[PDB]
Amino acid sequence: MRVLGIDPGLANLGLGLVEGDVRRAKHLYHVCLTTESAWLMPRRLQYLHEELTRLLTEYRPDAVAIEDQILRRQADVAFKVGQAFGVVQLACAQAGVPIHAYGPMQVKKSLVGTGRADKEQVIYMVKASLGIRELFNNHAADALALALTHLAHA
């Protein structure tokens, strides 16, 4: 099973591709896309949608695993990030790829064993599961963690 993990955002969009099953997984690709506030919102959304559409077309994943956050602070931030989430969901549906949502405690439990693990603990287990020497970008790492979580729930 080939899975695209997505750490959703507007200024940063983490994408990580893995392939395997519950017992073993192979790293395929990861990246953190960025957009600039000086671009207007429509162009930021167009950039994310275009780059994600290209990656979906190229790698042909069987499933998308997306983070289901309960972040509840600022409505103006939530409106902007919701716009990015909408365009991400749109790209997946246009590709015919089903989306499975996972909360952070599900990720921590699947990758570390417990739901109160630290992020550094999760990234250590991402790198160990995939044989990655270093992961500098936390959004890419989180995206890979989501992809590995879907493989564990399948």
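The first residue of the sequence shown is number 1, and the count goes up from there.
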Handout entry: 133-141 or 7-15, whichever carries the higher mean Cα B-factor
Key = 133-141
Practice task
Select between 50-58 and 64-72 the stretch whose C-alpha atoms have the higher average B-factor in the entry.
Solution key: 64-72
Practice task
Could you check 123, 32, 99, 88 and tell me which one carries the biggest Cα B-factor in the deposited entry?
Solution key: 123
Handout entry: Chain-relative CA temperature factor third for residue 1
Key = middle
Exercise for the section: State the tercile, meaning the lowest, middle or highest third, of residue 109 with respect to the CA B-factors recorded for its chain. Expected result: highest
Handout entry: Assigned third (lowest, middle, highest) for the C-alpha B factor of residue 84
Key = lowest
Practice task
Please rank the C-alpha B-factors of the chain's modelled residues and tell me whether residue 40 sits in the lowest, middle or highest third.
Solution key: highest
Fill in the blank from the handout: Assert third(CA B-factor, residue 117) within chain per record equals highest
